[PDB]
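> Have a look at this one.
2 protein chains.
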Amino acid sequence: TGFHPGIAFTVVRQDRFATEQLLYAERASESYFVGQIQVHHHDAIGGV
Amino acid sequence: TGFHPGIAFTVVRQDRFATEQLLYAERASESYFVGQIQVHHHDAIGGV
């Protein structure tokens, strides 16, 4: 009906936005070790 | 009560235990030919 009772409210809402970021890195920041490769045969959907 | 009626009984029991054999050979016996070891490879998964 529109009769305002003796009570108040506070609302909360959460949104999200896609943004563009920016990265900076030093010279000697990470050490990288790469390995070797291994093959695996397996029955595929039609072949291997 | 401990009364002994007109009846007698006989009891049977059964037991089991392990024993050795101590066989003898009497050489100049089975020839036991041998030879031609065969290797048979077949891929199952991952490797051979």
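Top to bottom, those sequences are chains X and A.
Each residue of the first sequence is one higher than the one before, starting from 1061 at the first, in the entry's author numbering.
Each residue of the second sequence is one higher than the one before, starting from 1061 at the first, in the entry's author numbering.
Where is the CB? At the ideal position from N, CA and C, for every residue including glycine.
1. Would you list the residues sitting across from A:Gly1107 in a DSSP beta bridge?
2. Given a cut-off of 9 Å on the beta-carbon distance, is the pair X:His1100 and A:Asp1103 in contact?
3. Go through its chain and collect everything with a Cβ distance to X:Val1108's Cβ below 7 Å, but skip five positions before and after it.
4. Compute the Euclidean distance between the alpha carbons of X:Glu1090 and X:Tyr1084, then round it to the nearest angstrom.
Based on what the coordinates show:
1. Per DSSP, the beta bridge partners of A:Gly1107 are A:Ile1105.
2. No.
3. If we look at X:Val1108 and ignore the five residues flanking it on each side, its Cβ neighbours are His1101, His1102.
4. Taken atom to atom, the span from the alpha-carbon of X:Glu1090 to that of X:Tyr1084 is near 13 Å.
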